[PDB]
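Trainee: below is the sequence, then the experimental coordinates.
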Amino acid sequence: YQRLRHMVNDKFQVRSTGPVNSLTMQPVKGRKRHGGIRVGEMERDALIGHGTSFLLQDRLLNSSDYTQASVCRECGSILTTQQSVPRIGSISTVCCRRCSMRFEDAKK
Amino acid sequence: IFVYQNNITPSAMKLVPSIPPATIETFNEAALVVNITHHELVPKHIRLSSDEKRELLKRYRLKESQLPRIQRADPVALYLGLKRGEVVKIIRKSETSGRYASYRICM
Amino acid sequence: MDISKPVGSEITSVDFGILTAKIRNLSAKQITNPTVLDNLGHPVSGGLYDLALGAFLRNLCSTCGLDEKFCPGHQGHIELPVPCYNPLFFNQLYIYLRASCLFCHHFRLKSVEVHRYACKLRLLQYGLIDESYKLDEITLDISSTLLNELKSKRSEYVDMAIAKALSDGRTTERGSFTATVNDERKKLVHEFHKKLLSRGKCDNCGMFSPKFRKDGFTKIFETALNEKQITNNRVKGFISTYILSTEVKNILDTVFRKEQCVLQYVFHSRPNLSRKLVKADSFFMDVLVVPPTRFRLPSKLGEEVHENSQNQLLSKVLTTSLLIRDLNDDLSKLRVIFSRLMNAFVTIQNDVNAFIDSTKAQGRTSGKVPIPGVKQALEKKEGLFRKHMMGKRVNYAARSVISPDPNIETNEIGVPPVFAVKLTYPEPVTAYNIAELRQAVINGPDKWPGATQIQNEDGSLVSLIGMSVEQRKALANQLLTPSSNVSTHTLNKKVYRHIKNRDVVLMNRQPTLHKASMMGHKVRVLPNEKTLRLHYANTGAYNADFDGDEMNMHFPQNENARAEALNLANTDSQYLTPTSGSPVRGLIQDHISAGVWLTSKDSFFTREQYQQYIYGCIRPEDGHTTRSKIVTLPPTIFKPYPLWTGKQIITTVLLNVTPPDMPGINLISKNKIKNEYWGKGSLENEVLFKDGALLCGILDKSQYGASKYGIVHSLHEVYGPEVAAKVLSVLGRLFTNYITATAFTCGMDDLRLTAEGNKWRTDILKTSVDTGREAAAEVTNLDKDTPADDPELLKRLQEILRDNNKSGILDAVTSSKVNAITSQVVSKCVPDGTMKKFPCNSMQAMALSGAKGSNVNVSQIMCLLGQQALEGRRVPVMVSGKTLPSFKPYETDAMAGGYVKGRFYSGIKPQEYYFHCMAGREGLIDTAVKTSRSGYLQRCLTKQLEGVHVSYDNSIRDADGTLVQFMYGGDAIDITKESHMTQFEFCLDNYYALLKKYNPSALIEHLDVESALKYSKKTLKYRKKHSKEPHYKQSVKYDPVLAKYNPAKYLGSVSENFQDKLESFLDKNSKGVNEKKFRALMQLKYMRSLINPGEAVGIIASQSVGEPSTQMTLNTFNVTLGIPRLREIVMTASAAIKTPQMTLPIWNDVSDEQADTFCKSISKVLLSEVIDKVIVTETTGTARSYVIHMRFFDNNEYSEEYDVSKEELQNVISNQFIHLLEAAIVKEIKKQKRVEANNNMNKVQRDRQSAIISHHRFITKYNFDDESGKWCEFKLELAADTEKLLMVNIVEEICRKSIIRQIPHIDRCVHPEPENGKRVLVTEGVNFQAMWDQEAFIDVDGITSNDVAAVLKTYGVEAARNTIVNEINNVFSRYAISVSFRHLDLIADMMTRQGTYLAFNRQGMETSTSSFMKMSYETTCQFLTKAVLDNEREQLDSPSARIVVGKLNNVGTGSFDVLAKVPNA
């Protein structure tokens, strides 16, 4: 008998949660750095084929890059919103930039 | 119906819709040799009057443009004289299920 | 995602559009400094890392005031001083620039012709196509009072056409855009841009404008105008410089002000309810925007930080915007200042060109262009839209190597304790789980049945890692204490427990070719293991072999996704495949080969052995029994020594796992093992189950393997999917403990023949010493056994070798004669001439049972290998005639050609060891070219059919609402339900067990019963009154009952093919069950076997063509085959098929003799094919002469083979041939300035020659054999000025071009063998117009091609649809693969949905609604440009659109809504 040199000591990975990628807020690639498992194009279509829309929702939105963003209803935008910098007696709140006319526009 | 022999003059084919009420439908008598609706692969086509076009689109709640399409210059749409908007009923001999009605609109 | 944080608002639709230059209201950052950093690392004010663009390097952002982990980032803008054009929209500004008049400033097309397309594209933005063609109905130096009267009347029709459809329920206020509405609109705008672009001069001014010409996407050149055009300009309206882009703007800002009636509908596909204006600034970029700092953080590599790529082409923009800012002040304080300025516009255009695209800009042109830019960040296989939207990386997942286990269940996975202490589930703590979740906190992260974190009601976590027992025991008692906080009083805590035995898990493999490669296994946590661990029943579904394969394991994190891996994607419901309904799950090798030993008739068991095998497989503690007590049987031998039989253990394991209310299983089936292997008059091939008791026959692969209509497939139908998964688990444990107690082994004596059977094959292989010469002496057309070294045979064999066709004839005669000797040995020696026989021979028992291997393998071990066939031929042979240096050249031997009379038991000789290595390698180079053949075929199927799904009215519809079919296959039956539906004998044997399965008692008070049974008996009687009528003469009174009645509501509305089968069962048989109460069972079995609404039958149909095509990849064993054929039908939808054919059914009176005469009157004849020789005697003197003499064949040879009379050779040689020959002698002269003899002709032959001398250039003489047709003759003379010509090699090429008689587009007609009585003629080439005049020979009503674009062209779109489903089925049936017709009907109804033949490609995708399906497929930033110019609202309903916006998919569990009936008002 013989014993083949390649071994299963360095093959696999587990991940519950960990580091991300900063552009996408998605789990990083890498066996050492606690990287994620890829659910690609073909694995997506197996989840549409079973008809399970919540296993597709979990394996693409919830377990990858779920965020609760802030969206203006008036202009329909994500990247134009901003939490306001308040008066010291005030609670800050979410405000839209391009739906806002600046205060030296008191039109009489 | 105007059955020509080899062609029509291209100046004269501009006058095919020149009567707006009455349609002119021109055929080449080399292309009229075999009736194509006798072929094994051409299913039975039935044009539907507007009291069963409308009951089709009520049963399935369709727009007219959501049905499958048959072209205006289809060999069977030129055969039956299907105007745009007419819904034809195709009785297909399906392999798994035998006779099976399908519909298809002319646009 | 946290379930304690709901979200009230969600996105319905997405409007595309253009950011105007009023980013000033958005952006107040103003990024102008091209320097980015300084010393000591602070980001410079105004630079590209400005702190008003988000927090950076532990600072706070200047705009929002938050840190690096709370700031969104903000968008700053680079002020461009000059309007550089937008490089996406350059191809569409160069359309409206080339079509404008610079003098009229309207267009170069008439004001009413432009008005007509402003009037047809308005009727198309509402959903009405009929009225946009009836606008051309409205017609009648014309004065403008009529052209304003035609304008005022067409606009009156549209006001009537809209307000009629808008007053009805046809269209809405926001239009009725659909796919065909998009198709007609993509044709007019493609035609409006074709009548704008080709006109020369202005129809409204008469004067006209010069012609623009561009370069490779940088410059506009206003070309100079010649004086002929100026002379028209000076008389009409008077009663190549680079153009600065502010002057291209002022043209198009003058064009668009006048043309606001027409461009308001070209740029808007739905109505423009915001009533905006198509402005010219949309095509030029006045400013930029700069993405926020978080999206531009420094891109390090290795262990050093480097600057971001997207700043390197955004600083090169910003230095050049600083160069031009100074030089405008240099001009204004008062040459070279313009050449310094115009050259700067060359690069500020090119740098913002290089910022967005990268393939647009040339630049350095040294190779390896840096900074790919914002298009190349989106377009690739990777891009952004397929690597980070359509596929992602997930949390809470693992992967590991898998390993076998027969002691876990079939629906389970073995999870190691490495993964078990990591993967966690947020279990909300309540009043019922608090006893289990206290112990999980007390166990903590160390022990397995434990936790790792608790989530408080404020959302803050508490890790349990660094704590000890007393901290964790304290906290564990605080899980139900309410918070003081009242804003979060609704909530409870969430313990992140470890993964227990009641969790589920999605497994996976790397090619996920179908949906049974991803299934819902339950969890069993196994100690002392480091690999994931899987049962053998799953090894065929994942296509998994246990050789170091890894499987990805996904652990879903809420109760919605758990309830779907338990109920929908679980392994129990994936028993039958959706391709053709075959079972995929069953036992494998040592379980197959133990059932032949356990259920054998020799197997007797004592009482102590009997109860050990029952409890060793069935344990009431783990929940295998149904009666809470193990019940046994009385033994089958009482008195001398009480004994049970091995078939009686199978009765006991089915008596304990099947429920006690239902009766037993009744099955009459077969095995794989013949009745002669067991002895004399045995009946052990017949499997008999009576009242759940195996009474006869052993069990094989055919019963409890992955095989249909056995016992596990029959318990699945009677008892359900849950019982059939317990039976595989019980038998997997029964035959494992039987193999442990009673083993199976394969030896060296299992491979041996007896001394008589070894003598048999020595005699039969001795009769092959002549066989290689007998087939050699045949092909050479010698006879009567010439000797092998005969010098006249060796001459003939050498001729065979030099030709590739004749060598395959030698290989096909000899490989059909030595394979006769091969199967004579196997028929004599393998079952009967052995030493150890089948109830002890393991090599035969492993192949008869189907455990491992076949009888081909057993025969090569035991008897001989045989012919080693290579590339569908025999062994390849050297130039010298030799096949090895050991053999004689042209050795007529079987062994010399590669026949192995050796076997693997005694070894093979060195010559035939070398030929067997040749056949071993051609099976490995095919695997070298088969690693992914069908990857892009399945991908392109799965995206067009991506949202096709069964609707609640049982109509198969696309995601955007457009109907594809009216039922699924015309009967609406699921493939995974139809298996025992036409098995009427099995259901009658099991009437009383299927009666309480398909329970009609608490069923029939909800569903109408006697309305569709009444109508079907009307039609069934009536459909027998019109049986002999042809299909065009058929009736239209009665459309089928499925069209009138919903099959899921009306009992008895059944397909007309199942109705004919059940009547043909209930009449040809007569068997205490009536026929009346048996109709009510199967008509209810039809009603419970229907497809469910929300089934993704579009993805399934694509997976049922893609996944069995990876099997369909083999090479040569005429017509296009396999994937290169299926990449022509399904993909690319070619009108140029490589091998188009036509199949011609012949009549009854025309015999095969008269059909062969008919094939000779269609197949083309070249004049090459009737010539024996051409003698060209060239002479010189006098004029170079050329005497062309043609030897034809005998007149009774070419007028038998080719049906060409010698009166047809004359009319081709005189009329056609000489004009072609004299065309090429002249054409060479252009390049040149750069036997027997007969005479004494009569008057007929003389004046025929006289017509040819006067009708050709250089001929002067001619003759023809008008007696026998054996020769022709003509004697060209050329000038003496001409040099030497190769006249023969012109005659050889013109004779191979001159047709004698070709029916067009058809090369050849052949008479093949009649399969299924079909006497057909196959015709290489398609012309239906030609074959219609052959009606005395050919049944013209039944001719059928494979060229779908031709059948579409001649016989309509429904015949083309039939041609698709029969040409995809011919691809799969040729490899013995079965797919359902429900999958093939759904593909032909998606291709022929526009009345055309649309491919699955980019171009057939253009007639579709969802823009994100187009962006995510390929060419992302061309469909994006088309979606923004169209101002197209994405309705977000394709499943590729919802994943982009992060929405619940609209198929299956998302095809409805759940609402909660709350009690109080």
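Mentor: Noted; the coordinates are in hand. Numbers count the residues shown, from 1 in each chain, chains lettered A, B, ... in the order given.
Trainee: for the residue of the stretch 51-200 of chain C found nearest chain B, what are its contacts?
Mentor: Taking Cβ to the nearest Cβ, chain B has its nearest neighbour within the stretch 51-200 of chain C at residue C:178, 4.2 Å off. All C-beta spots, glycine's among them, are computed from the backbone N, C-alpha and C. The neighbourhood of residue C:178, defined by Cβ atoms under 8 Å, 6 or more residues apart in numbering or on different chains, consists of B:63, B:65, B:66, C:127, C:960, C:961, C:962, C:1409.
Trainee: neighbours of the second one, how many?
Mentor: Neighbour count of residue B:65, defined by other Cβ atoms under 10 Å in any protein chain shown: 23.
Trainee: got the contact list for it?
Mentor: B:105, B:107, C:127, C:129, C:176, C:178, C:179, C:180, C:181.
Trainee: burial of the last one, as a residue count?
Mentor: So the one you mean is residue C:181. 25.
Trainee: so it is in which element?
Mentor: Remark: residue C:181 resides in helix C:179-195, with elements defined by DSSP states H and E.
Trainee: let's verify the most centrally placed residue in chain A: helix, strand, or coil?
Mentor: Taking Cα atoms, centre = their mean, the centroid of chain A lies closest to residue A:65, which sits 2.3 Å from it. Following DSSP: H, G, I helix; E, B strand; the rest coil, residue A:65 is assigned to coil.
Trainee: hang on, the earlier thing: report the separation between the residue of the stretch 51-200 of chain C closest to chain B and residue C:963.
Mentor: Distance, residue C:178 to residue C:963, using Cβ to Cβ, to the nearest Å: 11 Å.
Trainee: do residue C:1315 as well
Mentor: With Cβ to Cβ as the criterion, residue C:1315 and residue C:963 are 37 Å apart.
Trainee: SS state for residue 6?
Mentor: Reading this off chain A. coil.
Trainee: measure how buried it is and give me the count.
Mentor: Residues within reach of residue A:6, counting by other Cβ under 10 Å, total 8.
Trainee: and residue C:1073, by the same measure?
Mentor: Residues lying near residue C:1073 (other Cβ under 10 Å) number 12.
Trainee: residues contacting it?
Mentor: Counted by Cβ under 8 Å, 6+ apart, residue C:1073 has contacts C:988, C:991.
Trainee: how close does it sit to residue C:1038?
Mentor: Distance from residue C:1073 to residue C:1038, by Cβ to Cβ: 31 Å.
Trainee: same question, residue C:838
Mentor: Look at residue C:838 and residue C:1038: by Cβ to Cβ, they are 58 Å apart.
Trainee: and residue C:472, what element?
Mentor: Per DSSP H and E: residue C:472 is located in helix C:469-476.
Trainee: tell me which other helices or strands that helix touches.
Mentor: When contacts are defined as 3 or more Cβ pairs under 8 Å, 6 or more residues apart in numbering or on different chains; DSSP states H and E, helix C:469-476 sits against helix C:434-443.
Trainee: rerun at 10 Å
Mentor: The helices and strands touching helix C:469-476, judged by 3 or more Cβ pairs under 10 Å, 6 or more residues apart in numbering or on different chains; DSSP states H and E, are helix C:434-443, strand C:451-455.
Trainee: how far does that helix sit from its chain's centre?
Mentor: 57 Å (Cα atoms, centre = their mean, to the nearest Å).
Trainee: tally of neighbours for the nearest residue to residue C:46 once chain neighbours are set aside?
Mentor: Leaving aside its chain neighbours, residue C:46 sits nearest to residue C:33 (3.9 Å; criterion: Cβ to Cβ, 6 or more residues apart in numbering or on different chains). For residue C:33, the neighbour count with other Cβ under 10 Å is 15.
Trainee: isn't residue C:33 up against residue C:311?
Mentor: No: counting by Cβ atoms under 10 Å, residue C:33 stays clear of residue C:311, with 11.9 Å between them.
Trainee: what touches both of those two?
Mentor: C:47, C:48, C:318 (Cβ atoms under 10 Å, 6 or more residues apart in numbering or on different chains).
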